[PDB]
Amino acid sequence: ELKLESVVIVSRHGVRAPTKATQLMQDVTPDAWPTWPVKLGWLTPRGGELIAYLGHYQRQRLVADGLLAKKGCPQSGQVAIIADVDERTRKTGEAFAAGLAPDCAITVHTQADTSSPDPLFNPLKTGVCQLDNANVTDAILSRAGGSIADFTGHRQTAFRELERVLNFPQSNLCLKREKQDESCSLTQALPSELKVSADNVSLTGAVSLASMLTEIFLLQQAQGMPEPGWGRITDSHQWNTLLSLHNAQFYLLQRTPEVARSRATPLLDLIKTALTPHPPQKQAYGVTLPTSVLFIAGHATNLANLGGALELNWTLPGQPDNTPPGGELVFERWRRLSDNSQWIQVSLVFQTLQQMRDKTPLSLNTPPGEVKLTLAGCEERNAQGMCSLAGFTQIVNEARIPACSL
């Protein structure tokens, strides 16, 4: 019924070491954090291997869909790869190429200067545009339930689960409060406030600490470390409860449209140019678009910003982190043969946490997880839930913030 014509994959980098090692992380647990085999924030060898599995799966699937050849290397830009300048994203691009097309040396393009941020992955970071402070503040606080106190008050069960995993009552932070005849809970020892500036939003205190620590536990598990969370995370309900704090921070800081639309604008522009039929032309990064497959190696924030800007909702069965390492927001252009009309499908492809833990090789018989998505604002849908190319184009043009384009 339909023929696949083009694919654009926006991927988070693979498993990485923690980005920070703070005094506060030391003070909230009596136990020692496991050390990592690479520098802060770098991709681990295992993370690259897990990304290569997704590349191998994508080759098999795209061959089955008739888009790539079964053997040989894709020719003359048929596959293109763009990566953010960070080590973890560049190495993810290389790992994906290695799995998709081994020994084909597909180029991993970055911006010219790899020592400075690339605004494609966040235009706020280079001052291309600025957030509206008042509108962002109100929108985030409303989505929090009206206040950060309301947000944390509804999540006490999850904070107590994190405290149990940390052995928080025996930590230096708690023991000093016990000497001050004070009880000890994460949220009240570390009050959380929303900080909004023209270039960034963040939360302080227990909310941001919890988001980062629960991701670390997930990374330990995906890395194959013997005892993530000191052996105190023993079932899937516990994993899901812990990562709910991480996903909740992303819901506030990265999915809120007042942030997401600006932050995702350059990616929206690149995705739409990649998906729109047009005479092929070399554009950003020296990549000729449109082409058959474009893989973009970015960050969890990019996935969440695109989801919020495009009204794409998901949770990932078997994967506690909604923006997991190697997770892929996959945009596809399909041609309907009955009338040769053009349609856009979006899905979220991901390894389950068990597939990461077991280092499961992926294939058509053992595929990654996949959640089919819908663009909530699409008014022209087909029976398969896809949006017409015209409807997708209208959604993107409404979502994007012109001042944030490159």
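Numbers for residues come from their place in the sequence shown, where the first is 1.
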| message | If you average the CA temperature factors as listed in the entry, which stretch comes out higher, 135-143 or 326-334? | response | 135-143
| query | For the C-alpha atoms alone, is the average B factor greater in 109-117 or in 90-98, going by the entry? | reply | 109-117
| query | Taking the Cα B-factors listed in the entry, which of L194, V85, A80, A260 comes out highest? | reply | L194
| request: Tell me which of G369, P45, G55, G377 tops the list for C-alpha B factor in the record. | output: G377
| request: Would you mind ranking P74 by its C-alpha B-factor against the rest of the chain and naming the third, lowest, middle or highest? | output: highest
| message | By the recorded C-alpha temperature factor, relative to the other modelled residues in its chain, which third is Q384 in? | response | highest
| query | Relative to the other modelled residues in the chain, which third contains the C-alpha temperature factor of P228: lowest, middle or highest? | reply | middle
| Third of the chain, ranked by Cα B-factor, where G153 sits | highest
| Compared with the other modelled residues in the chain, in which third is the CA B-factor of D181? | highest
